[PDB]
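For reference, the structure is listed below as structure tokens.
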Amino acid sequence: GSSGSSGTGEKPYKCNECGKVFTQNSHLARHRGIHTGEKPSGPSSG
Ligand SMILES: [Zn+2]
């Protein structure tokens, strides 16, 4: 058998990088910024 946890915070504005939840798009998009910023050293991407 298994146990499935059930938390409270399911919204269409939930981030994927970390897994945060918001109410307004802006609040979310702006948050995602924390993830999208610094660049990976080396030509890995470029
Ligand atoms: Zn996030």
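Residue numbering restarts at 1 for every chain of the structure tokens, chains are lettered A, B, ... in their displayed order, and ligands are numbered from 1 as they appear.
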
Determine, counting only C-alpha atoms, which protein, DNA and RNA residues have an atom within 12 Å of an atom of residue 12 in chain A; residues of the same chain fewer than 6 positions away are not included. Present the result as an mmCIF file with C-alpha atoms, in the first residue's frame.
data_model
loop_
_atom_site.group_PDB
_atom_site.id
_atom_site.type_symbol
_atom_site.label_atom_id
_atom_site.label_comp_id
_atom_site.auth_asym_id
_atom_site.auth_seq_id
_atom_site.Cartn_x
_atom_site.Cartn_y
_atom_site.Cartn_z
ATOM 1 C CA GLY A 19 6.703 24.764 -6.808
ATOM 2 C CA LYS A 20 5.274 27.972 -5.366
ATOM 3 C CA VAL A 21 1.660 29.125 -5.658
ATOM 4 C CA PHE A 22 0.172 32.526 -6.481
ATOM 5 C CA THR A 23 -3.143 34.224 -7.254
ATOM 6 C CA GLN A 24 -2.260 36.749 -9.956
ATOM 7 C CA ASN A 25 -0.171 36.091 -13.065
ATOM 8 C CA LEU A 28 3.831 34.428 -10.472
#

Distance limit 7 Å, reference ligand 1, atoms considered: only C-alpha atoms and all ligand atoms. Which residues make the cut? Give them as a PyMOL selection string. chain A and resi 15-20+31-32+35

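With distances restricted to only C-alpha atoms, A:29 is the closest residue to residue 14 in chain A from A:2, A:34, A:29, A:39.
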
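Relative to CA of residue 26 in chain A, CA of residue 8 in chain A is found at 21.4 Å.
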